[PDB]
Ligand SMILES: NC(=O)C1=CN([C@@H]2O[C@H](COP(=O)(O)OP(=O)(O)OC[C@H]3O[C@@H](n4cnc5c(N)ncnc54)[C@H](OP(=O)(O)O)[C@@H]3O)[C@@H](O)[C@H]2O)C=CC1
Ligand code: SF4
Ligand SMILES: [Zn+2]
């Protein structure tokens, strides 16, 4: 262990040495931020070239962030990453099944091997992240596969926390940017005209802070928390609201999903990071599940942050010079649906 | 390992620093290298070790080699001299 | 005692000046939140103004008050004549820093010297 | 003693010849052509640049460059931890903590020069009584990571062993001067 | 014309110090003693007020001492006890003055060492 | 240097100056390295006699400032003699 | 030992008396250092009057302001010691007029007497906190736009209380209380032995 | 004894004054050249 | 007579002796109100009277420039009216009065 | 007058200057320069450092005139101690004092042109600069930021052979200045962008405390080096280059003329530098020679105390000003009896000059502002300190 000395800011010590395999991610970026702010020792396994992880260097202090070369297929790389970590956090995930990695791999196969080694190593705790409402029978292969994982990893690593976040709201997120980027599309398809798929977003930071707090709290063991949010929404208001802040016309036109799953298939064929995914589509119209579960935010210590509050920052880049100065007050809020 | 037995414990995490890198240490250790040099058998009670090279050496000091049992050792070089 | 007056002969006259500055800031908060594209709420900001104007509510001496507005006026000038960019303004909100608990038990659990 | 620059001693009254000469100066840009001649001239001069990797700009013995800790010929590190190199460092760069070695000799358990803090003044070179810390000739030690720039005793001692031959030659050349 | 104020000059509001370090910092006004190592008394002349010592945790990467307290290395020197007390009151720091303790006169005479009966 | 005469002539002309006489690039005119060893001179105060420091230490023989007009017919006096006008140079008065 | 000419210590001394006599309402002390430098000391109210006499007097023309500075003696009731160093290109001599100002007792501004002071007076306010009445535009010059505290005051920590880093979460530079990774080692240097009577 | 000093007898003399050379064709003569070109060119 | 003074901004003043005599006589007049034994009155009256006397005595400006120094004559004109302005200013200031206030004790003790 | 906030656009540089301005189209109505983009604390840091460990700060205050600045602190610390440097050291300081003036003027004239748009003069003279740096390096060890001029004289005698090379260079540098001339002094275009731009009256220049070429350019005759001689600048003979019709072009001509006059001063220094020691013999102020500290006890004690504790300057205060290449550089060094200073306000020729930007660039175009920042040789290190 490492006795925590310091005042609490950078150049201080908190005693959390933590491997974080998928740090380069949108959620990840945030996880390393708090861990680094707190003063924790963060080992970031990376596969993308050094150029892309530079954004993580200034976070954390000198000799507090260590970057290791790692390959998912190669078991040895995971082995050495967790050699000297006592906390392992797994954020490995993707939306597009890539040529050389299947949803199973990114969600269930890999995240197993990882926790498996972590145990061999003797890491005190492992945090595994799987998408919210993930039935072993859910339509989207992604969600189901993720469900498959949360089970397995429990056998490789017992009492391994399993936070299960909803789609995340944050700058650089998809949930909010995706819809806002429908601008290019003249019309914005919305299955069931964006109805009956009530959704509860959660700010990225809230998720991050929550995750971090897990690392430094004994109360969470085998817990399957669910960071959800401060307000639910029918996809209709969300879509329009977005377009509202973006100040771009909103033209909700219903599109039969059966045909739309096909549109997802189309972009899905794209070689360079398909923008929409068959598995995405389903997910988007996959209704958010209700909140009866080990609570996440608040329960883990952070009060959720309403979407409207920070939406202005996430959607600003999509506006035009004409609306750039416009502020949240000028715009209207969307409506929640306790349903 | 290092000159002073600085060896991170099997559980310390600064060992992560050495992961995928060389922990810099020097094979040539002084404690040993001075030993090799033999005791200088001077024939005067007090001799001086200018440090070798005069101005290019260490401050000049005189050592009393009177103690028959032990040998004088320059607080600077570590060189030993006996009468 | 026996002090020379800086600009305000008595707390009364001085308070007049504070009123003016408050108004100034009150009228300005909205503009800044728009010319700096700050991600804050005008109402929220206006409360902050109140916070500061009261953080120094205890001062009883007229001379100290007068300097306080001189300084206050200078800050406004840096924010209406914009030389202070967002990073500067948002700092007032202490947005990134983690708040420290003041509960004894809390401190005991964390810091050697509270 | 002073000197007027740009002060016209007197009013030369225009003489046609003078006027023509001037008017020609404005009309046919005569002085502008003068300037072009100067640059054409150098175009023909040999360029002063050096192939940087192949040829190196000359540095004489006192060049301060990169810190190194020397050792006696026998093999005993010169530093005896008097710690005034720490005292006179202007930037607070050198951190030294010491304890009597098993031999009984005085030696530094930890000697850390923070090169990013160091401003390469060369006073440490000056201050050392045994002249254990020296400003080594190498200036090329640019590093990918900030941590590499912080240097402990082992890096400096290793730096000392690598460059000892040239450091000895450099100190040999300049010690009479000091 | 001058105005009257009985308010102890407190200028804590103008100094620009973070709230935590004005209400949790105790400073001691003391005349420095002499390290017994040396017999010179030129460092036991002026009063100094020094802020209370705070955390000095070891740094993980290099082992250097690290401090989170800004007012640590600050020791202000004041010529007289009255002036130093004034600085604490107007700056709002708590103070606990220690009276100067000067060596008492000691009677010495070389003759004594050769006393018939000591 | 090492320039064919014609290039030099073009150079000298286009520049309007005998640039060859004063080339910027240095060639075997610069002080050779490894100049001979230096035996520097020891200054005063190194005498072994009549060298008492008390007689050569201006550092603290200095005294506290002299005080005039402390709070605790006559002719007018200037800060100092009025300054003397500078004189035009003689090698090159103008230009 | 430096060469000292007493011609100056006499000339300057006399001038000191001359100034004092001409401006007795404000001159408190007038001394000449052993370094042949005059240093009329004036009551703070004499800032405008003493300078103006020196800028515009035939027998003492002190046209340019070399510098305006404020030492801070914390012990001294009047903390700051505003020092104005002036030069007389006519008589090739410099004089220094120094006044005393406490934290909340402002000094007059001399921007009128010398416009050079427009900037230095802003510099003294930013670093030490003395205030100058009738200044055209007094506002921080050297410190950051949002800086809180006057830095050159002896009671201000060197490292200060705030430092800046870029935070990704908020994608903007953000102050945090200073956390230093090697505190300034405060070597005690005074020796316990004095040098001379001085 | 051996210290770096001016050579015996002093160094030689160094030029500091501007040596810009007033070299050019006289104005009248110059005009003629261009004028002649035009005069001939026109013919 | 001269073409121009070295100083850029200053411009040649024709009838310089007359311009100086006007300014010098004015100052003497203003000083006439200063308290009788006022230090400024006695000192400046002495300086101004000597300056006039020389200006009255010398009919050649170049020698006039040498006699009262002043570099160019135009500067002396600027210095005289600058002094005339301060003489008016000091009458309002009343600096001939005694010290406004004694320095707080230990205010001027540098070793500290 | 739409504020443009120009200067964070790296347009005149010389450091980083946010010259907030209000411009009705291409005319400047008001210039309010912002400063402190390079404040670093140099004045407060010095209070926590001993006299010899604060010497390196002065080189950094205005680093284009690396040494000349060091001479000002030296002189100041020598005055407080009432010690003077040995005769050879004085000449050295004047030798490297002048070499440094050239270095500054090559910087000021060529960087002025680069902003104007002439780029070949910079490359021509930066090669000469380079050659000079090498003098610094072979004397101090560092190309710039030497720390050679210390409070009691120079640190180490000149290498055995430098004088000869500071001759070869000087013997030729003139032609190099001459060339720049044939390119800019009479360019039909340099004159236009420079002539009658930023004229400053004589009375106004003294009033705003300009004190530099800026005064000399307006025709005021003041060179602190002739009026109040420091070191042995009294024993040399040089001509101050005074100017008339002060404007950007005239002052320029003045800076080219001091480059010329400094070669006259350098020549002499080489011709007449004395045999002798380069540091005071008072081990009290100057550190003992290393052969002596390694063989004599009093020398070790003096070496140990000097490096660890310090000079212990007698209590007092002094304002000593030299003629740094930019203008009057002065250090007001208040000092208690302690080994570390109490205050050290650095007067920067530049804090005064920038202030004048407002009173100089009035009713001027955007390009005019660029020309005027050049004619003040603003190095933000000295202004920001
Ligand atoms: N809206 C959301 O973001 C939600 C996310 N989640 C879960 O949170 C986790 C983090 O999400 P997010 O950050 O958006 O995901 P990202 O798409 O940002 O990727 C996360 C990280 O996983 C790494 N990664 C992906 N595939 C592989 C592979 N085959 N081998 C090695 N590394 C890989 C990536 O590294 P690289 O880019 O270098 O390949 C990346 O740094 C995910 O696992 C997801 O299941 C759950 C609910 C909502
Ligand atoms: S001075 Fe030389 S010897 Fe003394 S400690 Fe520093 S390095 Fe080691
Ligand atoms: Zn030895």
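Note that chain D is numbered according to Swiss-Prot, with residues 35-212 shown in order.
Technique stated in the header: electron microscopy, 3.1 Å.
Backbone N, Cα and C define each Cβ position, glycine as well.
The following features are taken from Swiss-Prot:
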type: BINDING; residues: D:113, D:116, D:119, D:162; note: [4Fe-4S] cluster 1 binding site
type: BINDING; residues: D:123, D:152, D:155, D:158; note: [4Fe-4S] cluster 2 binding site
type: DOMAIN; residues: D:104-133; note: domain '4Fe-4S ferredoxin-type 1'
type: DOMAIN; residues: D:143-172; note: domain '4Fe-4S ferredoxin-type 2'
Cβ contacts under 8 Å made by the domain '4Fe-4S ferredoxin-type 2' (D:143-172) with residues that lie 6+ beyond its boundaries: 93, 96-104, 111-114, 116, 118-119, 121-133, 180, 183-187, 190, 193-194, 197, 200-201, 204-205, 212
For the [4Fe-4S] cluster 2 site built from D:123, D:152, D:155, D:158, further residues of that chain with CB within 8 A of the site's CB center: D:101, D:119, D:122, D:124, D:125, D:127, D:128, D:147, D:153, D:154, D:156, D:157
Same-chain residues at least 6 apart in sequence whose Cβ lies under 8 Å from residue D:162 ([4Fe-4S] cluster 1 binding site): D:112, D:113, D:118, D:119, D:168
Residues in the domain '4Fe-4S ferredoxin-type 2' (D:143-172) grouped by DSSP into helix, strand and remaining coil: 5 helix, 10 strand, 15 coil
Residue D:116 ([4Fe-4S] cluster 1 binding site) versus residue D:123 ([4Fe-4S] cluster 2 binding site) - Cα distance in angstrom: 13
Rounded Cα separation (Å) that holds between residue D:116 ([4Fe-4S] cluster 1 binding site) and residue D:152 ([4Fe-4S] cluster 2 binding site): 19
Set of same-chain residues at least 6 away whose C-beta sits under 8 angstroms from residue D:158 ([4Fe-4S] cluster 2 binding site): D:101, D:119, D:122, D:123, D:128, D:167, D:169
D:113, D:119, D:152: the binding-site residues whose Cβ falls under 8 Å from a chain I Cβ: none
Per DSSP, three-state class assigned to residue D:116 ([4Fe-4S] cluster 1 binding site): coil
Close-lying binding-site residues around ligand 2 among D:119, D:123, D:152, D:155, D:162, where CB distance stays under 6 Å: D:119, D:162
Other same-chain residues whose Cβ falls within 8 Å of the Cβ centroid of D:113, D:116, D:119, D:162, the recorded [4Fe-4S] cluster 1 site, in sequence order: D:114, D:115, D:117, D:118, D:130, D:158, D:161, D:163, D:164, D:166, D:167
Residue D:119 ([4Fe-4S] cluster 1 binding site): tally of other CB atoms within 10 A of its CB: 26
Residue D:113 ([4Fe-4S] cluster 1 binding site): tally of other CB atoms within 10 A of its CB: 27
The one of D:116, D:123, D:155 whose CB sees the fewest other CB atoms within 10 Å, among these binding-site residues: D:116
Near-J candidates in D:113, D:152, D:158, D:162, the binding-site residues, by Cβ under 8 Å: none
